[PDB]
Amino acid sequence: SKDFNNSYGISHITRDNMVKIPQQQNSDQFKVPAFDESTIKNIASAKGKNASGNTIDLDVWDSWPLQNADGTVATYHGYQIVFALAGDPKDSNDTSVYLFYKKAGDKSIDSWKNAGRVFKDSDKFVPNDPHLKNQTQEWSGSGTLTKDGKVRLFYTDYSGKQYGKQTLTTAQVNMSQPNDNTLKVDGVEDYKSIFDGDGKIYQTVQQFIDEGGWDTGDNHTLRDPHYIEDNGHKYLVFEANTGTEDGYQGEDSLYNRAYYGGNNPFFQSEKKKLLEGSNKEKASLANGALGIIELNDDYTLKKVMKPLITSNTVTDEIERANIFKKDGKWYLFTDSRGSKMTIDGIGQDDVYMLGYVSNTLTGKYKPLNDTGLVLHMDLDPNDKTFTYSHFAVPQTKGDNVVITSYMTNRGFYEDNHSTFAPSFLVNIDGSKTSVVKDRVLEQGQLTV
Ligand SMILES: [Ca+2]
């Protein structure tokens, strides 16, 4: 037959793991806490310009804190820093990275000030770079406070004039303080593309173009770079899709036992069902990956490494890659949409954070809570307290991590702009996780 088994020396989000998320997810152990509608506030300082040029209240989406190397929230001249994607739906597509800041001691969302856009429109054209001048949008990433005490940003260069090309990009963000309660973005330097895919380990946009682009239903990704360090080495962990040599998309992927897990009877039943049902083509195209590249000390590409984990057959889209070390173990997280999944019992309303644990950085990642489920959110997108882009922020002590997310906040009354969601706690103990009951933090709170 066509049945085979190739793990490609890497870990896999398996169908056997995923089919067990239904019912399990109904436990309060995994459910995102209900939020109080009466106290939801817009980020007051979140004001800027649209594509038309006038000043508007912004919709704030994907956000990430400035971090130390280990992932804990950094302190910069007494401030905590948050980078967030923001824009105006009258531009719809247009999104840029903004720098928000607040004295670490303060707690209120009203304390978050706005330093404005990290980049000027003109910034992408300064450096001699293979990709930057083709940029149309700024997408997610990470931020690190270097040993030299510099603000080092990683983000995604999205190119709408190159078939949705995504390039992992870096820049040093030069800061100043005009007064003793203001942070100012002076400008940027060392602004450069790092990686746009190789083809064999991670899919390139050229492979996306050559297959027929948007029409195919394929979803090309190469984004959300997350910075970490291990043993003196610098890495980025990011959302991608596999390449030709590490379990590519296509019909034959449906015959690989490694993507299914479980026993042979499960492999046969699940595969038969997948081959005959409505999700055959969707599953064939699904080859999402959490990738890892090693960097040089100047943040240029050093080595393209094999993926930490892939989601062949399950989904093309495992987003907001996150990784940190806790209790000597490596915890790897991703957010995923049920709508993009090919799993029975998981549907359009379902939104997840999935999690995995390994003894080493590049070792075998085993599912948290046996299935990989950490968080489940299933509110209608039009509900005021819909949350998205859940992100685990490690803490300096304790078994708890702080989950940040954005709340789309599409209510009828004010306040109704996309904003920081109330933060909450997830307990991490070995391979077990649990939402901490009755502990909701302030909107956008990074630490306890
Ligand atoms: Ca794909």
# chains A, B, ... in the order shown; residues from 1 in each chain; ligands from 1
>>> residues_around(residues="region 248-262 of chain A", least_positions_apart="2", cutoff="7 Å", atoms="only C-alpha atoms", output="list in words")
residues 2, 3, 4, 5, 6, 7, 12, 14, 15, 16, 242, 243, 244, 245, 246, 264, 266, 267, 271, 284, 285, 286, 287, 312 and 313 of chain A
>>> write_last_selection(atoms="N, CA and C atoms", output="mmCIF file, in the first residue's frame")
data_model
loop_
_atom_site.group_PDB
_atom_site.id
_atom_site.type_symbol
_atom_site.label_atom_id
_atom_site.label_comp_id
_atom_site.auth_asym_id
_atom_site.auth_seq_id
_atom_site.Cartn_x
_atom_site.Cartn_y
_atom_site.Cartn_z
ATOM 1 N N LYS A 2 0.247 2.410 0.247
ATOM 2 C CA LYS A 2 0.977 3.673 0.285
ATOM 3 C C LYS A 2 1.347 4.056 1.721
ATOM 4 N N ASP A 3 0.862 3.269 2.683
ATOM 5 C CA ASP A 3 1.136 3.488 4.106
ATOM 6 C C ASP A 3 2.629 3.499 4.403
ATOM 7 N N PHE A 4 3.071 4.543 5.101
ATOM 8 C CA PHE A 4 4.456 4.658 5.538
ATOM 9 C C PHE A 4 4.549 5.363 6.893
ATOM 10 N N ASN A 5 5.765 5.466 7.417
ATOM 11 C CA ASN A 5 5.994 6.111 8.705
ATOM 12 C C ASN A 5 7.334 6.837 8.715
ATOM 13 N N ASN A 6 7.277 8.166 8.672
ATOM 14 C CA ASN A 6 8.473 8.998 8.739
ATOM 15 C C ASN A 6 8.218 10.202 9.635
ATOM 16 N N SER A 7 8.912 10.235 10.770
ATOM 17 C CA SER A 7 8.792 11.325 11.733
ATOM 18 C C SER A 7 9.687 12.504 11.350
ATOM 19 N N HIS A 12 5.474 15.910 16.303
ATOM 20 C CA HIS A 12 4.256 16.133 15.526
ATOM 21 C C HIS A 12 3.014 16.313 16.392
ATOM 22 N N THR A 14 -0.335 15.364 16.499
ATOM 23 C CA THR A 14 -0.968 14.214 15.843
ATOM 24 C C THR A 14 -2.485 14.292 15.864
ATOM 25 N N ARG A 15 -3.107 13.601 14.911
ATOM 26 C CA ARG A 15 -4.563 13.495 14.848
ATOM 27 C C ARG A 15 -5.146 12.808 16.083
ATOM 28 N N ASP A 16 -4.441 11.800 16.600
ATOM 29 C CA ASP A 16 -4.869 11.076 17.803
ATOM 30 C C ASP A 16 -4.960 12.009 19.010
ATOM 31 N N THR A 242 6.199 23.359 6.495
ATOM 32 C CA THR A 242 7.317 22.475 6.167
ATOM 33 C C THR A 242 7.740 22.643 4.711
ATOM 34 N N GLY A 243 8.953 22.193 4.409
ATOM 35 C CA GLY A 243 9.465 22.198 3.047
ATOM 36 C C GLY A 243 9.419 20.814 2.427
ATOM 37 N N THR A 244 10.092 20.669 1.290
ATOM 38 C CA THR A 244 10.064 19.425 0.510
ATOM 39 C C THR A 244 10.680 18.217 1.217
ATOM 40 N N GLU A 245 11.621 18.460 2.127
ATOM 41 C CA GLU A 245 12.418 17.372 2.706
ATOM 42 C C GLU A 245 12.109 17.009 4.169
ATOM 43 N N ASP A 246 11.134 17.671 4.785
ATOM 44 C CA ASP A 246 10.754 17.327 6.163
ATOM 45 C C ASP A 246 9.249 17.091 6.334
ATOM 46 N N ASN A 264 -2.610 1.169 15.066
ATOM 47 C CA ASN A 264 -2.966 0.905 13.667
ATOM 48 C C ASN A 264 -4.475 1.014 13.400
ATOM 49 N N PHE A 266 -6.628 2.912 14.804
ATOM 50 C CA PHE A 266 -6.922 4.337 14.707
ATOM 51 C C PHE A 266 -6.401 4.922 13.398
ATOM 52 N N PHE A 267 -5.151 4.609 13.058
ATOM 53 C CA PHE A 267 -4.555 5.073 11.805
ATOM 54 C C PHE A 267 -5.426 4.716 10.601
ATOM 55 N N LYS A 271 -7.615 7.576 8.731
ATOM 56 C CA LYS A 271 -7.142 7.793 7.360
ATOM 57 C C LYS A 271 -8.237 7.535 6.320
ATOM 58 N N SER A 284 -4.523 17.622 3.020
ATOM 59 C CA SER A 284 -3.368 17.422 2.143
ATOM 60 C C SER A 284 -2.491 18.671 2.097
ATOM 61 N N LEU A 285 -3.135 19.840 2.089
ATOM 62 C CA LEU A 285 -2.436 21.131 2.059
ATOM 63 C C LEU A 285 -1.881 21.539 3.424
ATOM 64 N N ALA A 286 -2.450 20.977 4.485
ATOM 65 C CA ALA A 286 -2.058 21.350 5.841
ATOM 66 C C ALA A 286 -0.669 20.831 6.207
ATOM 67 N N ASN A 287 0.284 21.755 6.341
ATOM 68 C CA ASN A 287 1.642 21.425 6.777
ATOM 69 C C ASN A 287 2.296 22.501 7.658
ATOM 70 N N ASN A 312 1.171 18.512 10.233
ATOM 71 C CA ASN A 312 0.732 17.909 8.974
ATOM 72 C C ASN A 312 -0.635 17.245 9.099
ATOM 73 N N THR A 313 -1.473 17.479 8.087
ATOM 74 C CA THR A 313 -2.878 17.018 8.005
ATOM 75 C C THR A 313 -3.868 17.797 8.875
#
>>> closest_atom_pairs(of="region 42-99 of chain A", to="region 405-419 of chain A", cutoff="6 Å", atoms="only C-alpha atoms", output="JSON lines")
{"residue": "A:42", "atom": "CA", "partner": "A:419", "partner_atom": "CA", "distance": 5.4}
{"residue": "A:43", "atom": "CA", "partner": "A:419", "partner_atom": "CA", "distance": 5.9}
{"residue": "A:59", "atom": "CA", "partner": "A:418", "partner_atom": "CA", "distance": 4.5}
{"residue": "A:60", "atom": "CA", "partner": "A:418", "partner_atom": "CA", "distance": 5.0}
{"residue": "A:61", "atom": "CA", "partner": "A:406", "partner_atom": "CA", "distance": 5.6}
>>> write_last_selection(atoms="C-alpha atoms", output="short mmCIF file (atom, residue, chain, number, x, y, z; two decimals), in the first residue's frame")
data_model
loop_
_atom_site.label_atom_id
_atom_site.label_comp_id
_atom_site.auth_asym_id
_atom_site.auth_seq_id
_atom_site.Cartn_x
_atom_site.Cartn_y
_atom_site.Cartn_z
CA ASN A 42 -10.00 51.01 25.30
CA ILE A 43 -6.29 51.78 25.53
CA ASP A 59 -7.88 49.03 17.13
CA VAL A 60 -5.10 47.20 18.96
CA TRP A 61 -4.44 43.53 18.21
#
>>> residues_around(residues="residue 69 (chain A)", least_positions_apart="6", cutoff="9 Å", atoms="only C-alpha atoms", output="PyMOL selection string")
chain A and resi 144-147+227-229
>>> write_last_selection(atoms="N, CA and C atoms", output="short mmCIF file (atom, residue, chain, number, x, y, z; two decimals), in the first residue's frame")
data_model
loop_
_atom_site.label_atom_id
_atom_site.label_comp_id
_atom_site.auth_asym_id
_atom_site.auth_seq_id
_atom_site.Cartn_x
_atom_site.Cartn_y
_atom_site.Cartn_z
N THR A 144 13.40 41.87 22.64
CA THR A 144 14.35 41.49 23.68
C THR A 144 15.23 42.66 24.13
N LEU A 145 15.52 42.70 25.43
CA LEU A 145 16.45 43.67 25.99
C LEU A 145 17.83 43.04 26.09
N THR A 146 18.73 43.49 25.21
CA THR A 146 20.08 42.91 25.10
C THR A 146 20.94 43.18 26.34
N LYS A 147 22.08 42.50 26.43
CA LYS A 147 23.02 42.71 27.53
C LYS A 147 23.62 44.11 27.47
N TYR A 227 12.10 35.26 20.07
CA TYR A 227 13.51 35.19 20.46
C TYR A 227 13.73 34.42 21.76
N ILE A 228 14.71 33.53 21.74
CA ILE A 228 15.18 32.84 22.94
C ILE A 228 16.69 32.59 22.86
N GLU A 229 17.27 32.23 24.00
CA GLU A 229 18.67 31.86 24.07
C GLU A 229 18.81 30.52 24.77
#
>>> residues_around(residues="region 26-41 of chain A", least_positions_apart="5", cutoff="6 Å", atoms="only C-alpha atoms", output="list in words")
residues 374, 375, 376, 377, 415, 434 and 435 of chain A
>>> write_last_selection(atoms="C-alpha atoms", output="PDB file, in the first residue's frame")
ATOM      1  CA  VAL A 374      -3.969  24.368  27.241  1.00  0.00           C
ATOM      2  CA  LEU A 375      -6.666  26.954  26.436  1.00  0.00           C
ATOM      3  CA  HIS A 376     -10.069  26.892  24.744  1.00  0.00           C
ATOM      4  CA  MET A 377     -12.116  29.965  23.831  1.00  0.00           C
ATOM      5  CA  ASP A 415     -15.705  51.379  24.856  1.00  0.00           C
ATOM      6  CA  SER A 434      -4.552  24.442  34.610  1.00  0.00           C
ATOM      7  CA  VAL A 435      -6.313  27.790  34.369  1.00  0.00           C
TER       8      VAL A 435
END
>>> closest_residue(among="A:384, A:340, A:366, A:320", to="residue 432 (chain A)", atoms="only C-alpha atoms")
A:366
>>> select_by_dssp(residues="region 177-247 of chain A", states="strand (DSSP E)", output="PyMOL selection string")
chain A and resi 184-195+223-230+233-241
>>> write_last_selection(atoms="N, CA, C and O atoms", output="tab-separated table (two decimals), in the first residue's frame")
chain	number	residue	atom	x	y	z
A	184	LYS	N	10.62	58.00	24.06
A	184	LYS	CA	10.55	58.47	22.67
A	184	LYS	C	11.31	57.54	21.74
A	184	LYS	O	12.43	57.14	22.03
A	185	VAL	N	10.67	57.18	20.62
A	185	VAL	CA	11.35	56.46	19.56
A	185	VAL	C	12.12	57.46	18.71
A	185	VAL	O	11.53	58.26	17.98
A	186	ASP	N	13.44	57.41	18.82
A	186	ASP	CA	14.32	58.29	18.05
A	186	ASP	C	14.42	57.84	16.60
A	186	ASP	O	14.42	58.65	15.68
A	187	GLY	N	14.49	56.52	16.42
A	187	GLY	CA	14.62	55.92	15.10
A	187	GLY	C	15.06	54.48	15.22
A	187	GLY	O	15.01	53.89	16.31
A	188	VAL	N	15.49	53.90	14.11
A	188	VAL	CA	15.93	52.51	14.10
A	188	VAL	C	17.29	52.35	13.42
A	188	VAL	O	17.73	53.22	12.68
A	189	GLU	N	17.94	51.23	13.71
A	189	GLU	CA	19.20	50.85	13.05
A	189	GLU	C	19.33	49.33	13.03
A	189	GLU	O	18.56	48.63	13.69
A	190	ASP	N	20.32	48.84	12.28
A	190	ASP	CA	20.54	47.41	12.07
A	190	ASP	C	19.24	46.73	11.60
A	190	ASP	O	18.93	45.60	11.97
A	191	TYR	N	18.51	47.47	10.77
A	191	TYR	CA	17.21	47.08	10.25
A	191	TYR	C	17.44	46.19	9.03
A	191	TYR	O	17.93	46.65	7.99
A	192	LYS	N	17.11	44.90	9.16
A	192	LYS	CA	17.44	43.91	8.13
A	192	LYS	C	16.54	42.67	8.14
A	192	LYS	O	16.08	42.22	9.20
A	193	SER	N	16.31	42.12	6.95
A	193	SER	CA	15.71	40.80	6.79
A	193	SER	C	16.66	39.74	7.36
A	193	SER	O	17.88	39.87	7.25
A	194	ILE	N	16.09	38.70	7.95
A	194	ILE	CA	16.86	37.59	8.50
A	194	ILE	C	16.65	36.31	7.67
A	194	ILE	O	17.62	35.66	7.28
A	195	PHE	N	15.39	35.96	7.42
A	195	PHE	CA	15.04	34.66	6.82
A	195	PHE	C	13.66	34.72	6.15
A	195	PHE	O	12.72	35.25	6.72
A	223	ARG	N	6.26	33.65	9.92
A	223	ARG	CA	5.98	34.81	10.74
A	223	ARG	C	6.05	34.55	12.24
A	223	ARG	O	6.40	33.45	12.68
A	224	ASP	N	5.75	35.60	13.01
A	224	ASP	CA	5.70	35.58	14.48
A	224	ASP	C	7.01	35.07	15.12
A	224	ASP	O	6.97	34.16	15.95
A	225	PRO	N	8.17	35.66	14.76
A	225	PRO	CA	9.42	35.16	15.33
A	225	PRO	C	9.54	35.43	16.82
A	225	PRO	O	9.35	36.57	17.26
A	226	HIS	N	9.85	34.39	17.60
A	226	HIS	CA	10.03	34.53	19.04
A	226	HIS	C	11.47	34.26	19.46
A	226	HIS	O	11.99	33.16	19.25
A	227	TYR	N	12.10	35.26	20.07
A	227	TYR	CA	13.51	35.19	20.46
A	227	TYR	C	13.73	34.42	21.76
A	227	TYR	O	13.03	34.64	22.75
A	228	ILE	N	14.71	33.53	21.74
A	228	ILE	CA	15.18	32.84	22.94
A	228	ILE	C	16.69	32.59	22.86
A	228	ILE	O	17.30	32.73	21.80
A	229	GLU	N	17.27	32.23	24.00
A	229	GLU	CA	18.67	31.86	24.07
A	229	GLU	C	18.81	30.52	24.77
A	229	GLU	O	18.01	30.19	25.66
A	230	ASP	N	19.81	29.74	24.36
A	230	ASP	CA	20.17	28.51	25.05
A	230	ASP	C	21.66	28.24	24.88
A	230	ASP	O	22.19	28.33	23.77
A	233	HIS	N	23.75	30.43	22.72
A	233	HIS	CA	23.30	30.56	21.33
A	233	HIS	C	22.00	31.34	21.25
A	233	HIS	O	21.18	31.30	22.18
A	234	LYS	N	21.81	32.05	20.14
A	234	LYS	CA	20.63	32.86	19.91
A	234	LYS	C	19.77	32.20	18.84
A	234	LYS	O	20.29	31.76	17.82
A	235	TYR	N	18.46	32.13	19.09
A	235	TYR	CA	17.51	31.50	18.17
A	235	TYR	C	16.25	32.33	18.01
A	235	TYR	O	15.90	33.14	18.88
A	236	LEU	N	15.55	32.10	16.90
A	236	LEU	CA	14.17	32.53	16.74
A	236	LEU	C	13.30	31.30	16.50
A	236	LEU	O	13.62	30.45	15.67
A	237	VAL	N	12.20	31.22	17.25
A	237	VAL	CA	11.17	30.21	17.01
A	237	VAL	C	9.97	30.92	16.40
A	237	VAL	O	9.55	31.96	16.91
A	238	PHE	N	9.45	30.37	15.32
A	238	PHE	CA	8.50	31.08	14.46
A	238	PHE	C	7.44	30.16	13.84
A	238	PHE	O	7.61	28.93	13.81
A	239	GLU	N	6.34	30.76	13.39
A	239	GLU	CA	5.34	30.04	12.60
A	239	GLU	C	5.83	29.90	11.17
A	239	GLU	O	6.28	30.87	10.56
A	240	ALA	N	5.73	28.69	10.63
A	240	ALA	CA	6.08	28.42	9.24
A	240	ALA	C	5.27	27.24	8.70
A	240	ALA	O	4.31	26.79	9.33
A	241	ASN	N	5.65	26.78	7.51
A	241	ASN	CA	5.16	25.51	6.97
A	241	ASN	C	6.35	24.68	6.50
A	241	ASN	O	7.39	25.24	6.17
>>> closest_residue(among="A:288, A:338, A:355, A:381", to="ligand 1", atoms="only C-alpha atoms and all ligand atoms")
A:288
>>> select_by_dssp(residues="region 76-309 of chain A", states="helix (DSSP H, G or I)", output="mmCIF file with C-alpha atoms, in the first residue's frame")
data_model
loop_
_atom_site.group_PDB
_atom_site.id
_atom_site.type_symbol
_atom_site.label_atom_id
_atom_site.label_comp_id
_atom_site.auth_asym_id
_atom_site.auth_seq_id
_atom_site.Cartn_x
_atom_site.Cartn_y
_atom_site.Cartn_z
ATOM 1 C CA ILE A 109 -4.571 50.267 31.557
ATOM 2 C CA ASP A 110 -4.862 54.087 31.518
ATOM 3 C CA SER A 111 -1.166 54.123 32.554
ATOM 4 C CA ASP A 121 7.039 54.700 6.394
ATOM 5 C CA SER A 122 10.442 55.826 5.098
ATOM 6 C CA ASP A 123 12.414 53.384 7.312
ATOM 7 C CA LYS A 124 12.085 50.277 5.096
ATOM 8 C CA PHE A 125 13.891 52.048 2.227
ATOM 9 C CA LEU A 132 12.342 45.425 2.979
ATOM 10 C CA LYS A 133 11.349 47.884 0.205
ATOM 11 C CA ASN A 134 8.590 45.447 -0.856
ATOM 12 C CA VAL A 205 6.538 32.131 -1.034
ATOM 13 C CA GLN A 206 7.970 31.052 -4.419
ATOM 14 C CA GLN A 207 6.601 27.550 -3.773
ATOM 15 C CA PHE A 208 3.290 29.229 -2.876
ATOM 16 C CA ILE A 209 3.324 31.263 -6.121
ATOM 17 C CA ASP A 210 4.390 28.346 -8.363
ATOM 18 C CA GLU A 211 1.580 26.041 -7.165
ATOM 19 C CA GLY A 213 -1.153 31.011 -5.103
ATOM 20 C CA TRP A 214 -4.400 32.019 -3.390
ATOM 21 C CA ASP A 215 -6.633 29.922 -5.690
ATOM 22 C CA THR A 216 -5.245 26.618 -4.345
ATOM 23 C CA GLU A 251 -1.601 13.657 -1.068
ATOM 24 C CA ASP A 252 1.089 11.263 0.202
ATOM 25 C CA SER A 253 1.189 13.047 3.603
ATOM 26 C CA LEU A 254 -2.217 11.469 4.308
ATOM 27 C CA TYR A 255 -0.460 8.064 4.400
ATOM 28 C CA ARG A 257 1.496 7.198 10.359
ATOM 29 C CA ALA A 258 3.622 9.791 12.209
ATOM 30 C CA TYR A 259 0.954 12.465 11.614
ATOM 31 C CA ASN A 264 -2.966 0.905 13.667
ATOM 32 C CA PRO A 265 -6.767 0.584 14.061
ATOM 33 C CA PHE A 266 -6.922 4.337 14.707
ATOM 34 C CA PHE A 267 -4.555 5.073 11.805
ATOM 35 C CA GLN A 268 -6.724 2.996 9.426
ATOM 36 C CA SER A 269 -10.084 4.368 10.613
ATOM 37 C CA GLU A 270 -8.944 8.016 10.730
ATOM 38 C CA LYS A 271 -7.142 7.793 7.360
ATOM 39 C CA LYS A 272 -10.094 6.106 5.579
ATOM 40 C CA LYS A 273 -12.397 8.801 6.962
ATOM 41 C CA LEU A 274 -9.974 11.609 5.974
ATOM 42 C CA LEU A 275 -9.470 10.212 2.458
ATOM 43 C CA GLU A 276 -13.204 9.862 1.770
ATOM 44 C CA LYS A 280 -9.233 15.514 2.093
ATOM 45 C CA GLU A 281 -7.840 18.480 0.111
ATOM 46 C CA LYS A 282 -7.674 20.730 3.203
ATOM 47 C CA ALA A 283 -5.685 18.081 5.115
ATOM 48 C CA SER A 284 -3.368 17.422 2.143
ATOM 49 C CA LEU A 285 -2.436 21.131 2.059
#
>>> closest_residue(among="A:44, A:82, A:289, A:183", to="ligand 1", atoms="only C-alpha atoms and all ligand atoms")
A:289
>>> closest_residue(among="A:448, A:426, A:176, A:161", to="residue 397 (chain A)", atoms="only C-alpha atoms")
A:448
>>> decode(residues="region 175-195 of chain A", atoms="N, CA, C and O atoms", output="mmCIF file, in the first residue's frame")
data_model
loop_
_atom_site.group_PDB
_atom_site.id
_atom_site.type_symbol
_atom_site.label_atom_id
_atom_site.label_comp_id
_atom_site.auth_asym_id
_atom_site.auth_seq_id
_atom_site.Cartn_x
_atom_site.Cartn_y
_atom_site.Cartn_z
ATOM 1 N N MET A 175 15.969 54.541 21.549
ATOM 2 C CA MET A 175 15.064 55.210 22.481
ATOM 3 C C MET A 175 15.715 56.407 23.161
ATOM 4 O O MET A 175 16.942 56.483 23.278
ATOM 5 N N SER A 176 14.877 57.337 23.608
ATOM 6 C CA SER A 176 15.309 58.439 24.463
ATOM 7 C C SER A 176 14.189 58.803 25.429
ATOM 8 O O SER A 176 13.077 58.284 25.326
ATOM 9 N N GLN A 177 14.488 59.683 26.376
ATOM 10 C CA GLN A 177 13.459 60.213 27.264
ATOM 11 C C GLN A 177 13.487 61.742 27.308
ATOM 12 O O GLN A 177 14.353 62.328 27.961
ATOM 13 N N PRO A 178 12.541 62.391 26.595
ATOM 14 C CA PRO A 178 12.434 63.857 26.536
ATOM 15 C C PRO A 178 12.201 64.453 27.923
ATOM 16 O O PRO A 178 12.701 65.537 28.230
ATOM 17 N N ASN A 179 11.425 63.739 28.734
ATOM 18 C CA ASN A 179 11.235 64.047 30.145
ATOM 19 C C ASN A 179 11.258 62.744 30.946
ATOM 20 O O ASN A 179 11.512 61.675 30.384
ATOM 21 N N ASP A 180 10.999 62.824 32.247
ATOM 22 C CA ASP A 180 11.162 61.659 33.120
ATOM 23 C C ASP A 180 9.934 60.738 33.222
ATOM 24 O O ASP A 180 9.945 59.769 33.988
ATOM 25 N N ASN A 181 8.890 61.037 32.444
ATOM 26 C CA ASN A 181 7.731 60.142 32.310
ATOM 27 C C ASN A 181 7.362 59.816 30.851
ATOM 28 O O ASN A 181 6.274 59.299 30.577
ATOM 29 N N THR A 182 8.284 60.099 29.931
ATOM 30 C CA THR A 182 8.059 59.872 28.503
ATOM 31 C C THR A 182 9.185 59.058 27.865
ATOM 32 O O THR A 182 10.364 59.339 28.081
ATOM 33 N N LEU A 183 8.808 58.042 27.090
ATOM 34 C CA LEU A 183 9.747 57.345 26.220
ATOM 35 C C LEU A 183 9.526 57.801 24.784
ATOM 36 O O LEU A 183 8.387 57.980 24.352
ATOM 37 N N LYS A 184 10.619 57.999 24.056
ATOM 38 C CA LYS A 184 10.547 58.468 22.675
ATOM 39 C C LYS A 184 11.305 57.536 21.740
ATOM 40 O O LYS A 184 12.433 57.139 22.028
ATOM 41 N N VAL A 185 10.669 57.183 20.625
ATOM 42 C CA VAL A 185 11.348 56.458 19.560
ATOM 43 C C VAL A 185 12.120 57.459 18.708
ATOM 44 O O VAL A 185 11.528 58.260 17.978
ATOM 45 N N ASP A 186 13.445 57.412 18.820
ATOM 46 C CA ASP A 186 14.324 58.291 18.053
ATOM 47 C C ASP A 186 14.421 57.836 16.603
ATOM 48 O O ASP A 186 14.420 58.654 15.680
ATOM 49 N N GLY A 187 14.493 56.522 16.419
ATOM 50 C CA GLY A 187 14.621 55.921 15.101
ATOM 51 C C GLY A 187 15.061 54.478 15.225
ATOM 52 O O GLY A 187 15.013 53.895 16.312
ATOM 53 N N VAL A 188 15.490 53.898 14.110
ATOM 54 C CA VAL A 188 15.931 52.507 14.098
ATOM 55 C C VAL A 188 17.289 52.348 13.425
ATOM 56 O O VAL A 188 17.729 53.224 12.675
ATOM 57 N N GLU A 189 17.944 51.227 13.710
ATOM 58 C CA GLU A 189 19.196 50.853 13.054
ATOM 59 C C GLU A 189 19.335 49.334 13.032
ATOM 60 O O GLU A 189 18.562 48.628 13.687
ATOM 61 N N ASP A 190 20.318 48.843 12.276
ATOM 62 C CA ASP A 190 20.538 47.406 12.073
ATOM 63 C C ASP A 190 19.239 46.732 11.604
ATOM 64 O O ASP A 190 18.925 45.597 11.973
ATOM 65 N N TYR A 191 18.508 47.469 10.772
ATOM 66 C CA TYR A 191 17.209 47.077 10.245
ATOM 67 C C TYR A 191 17.441 46.187 9.027
ATOM 68 O O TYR A 191 17.928 46.653 7.994
ATOM 69 N N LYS A 192 17.112 44.902 9.162
ATOM 70 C CA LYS A 192 17.438 43.912 8.131
ATOM 71 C C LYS A 192 16.541 42.669 8.141
ATOM 72 O O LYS A 192 16.082 42.222 9.196
ATOM 73 N N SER A 193 16.311 42.121 6.950
ATOM 74 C CA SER A 193 15.709 40.799 6.795
ATOM 75 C C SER A 193 16.659 39.742 7.357
ATOM 76 O O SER A 193 17.878 39.870 7.246
ATOM 77 N N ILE A 194 16.087 38.701 7.952
ATOM 78 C CA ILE A 194 16.860 37.587 8.495
ATOM 79 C C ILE A 194 16.653 36.309 7.672
ATOM 80 O O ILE A 194 17.622 35.661 7.277
ATOM 81 N N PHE A 195 15.391 35.958 7.418
ATOM 82 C CA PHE A 195 15.040 34.664 6.818
ATOM 83 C C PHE A 195 13.665 34.720 6.147
ATOM 84 O O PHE A 195 12.718 35.250 6.719
#
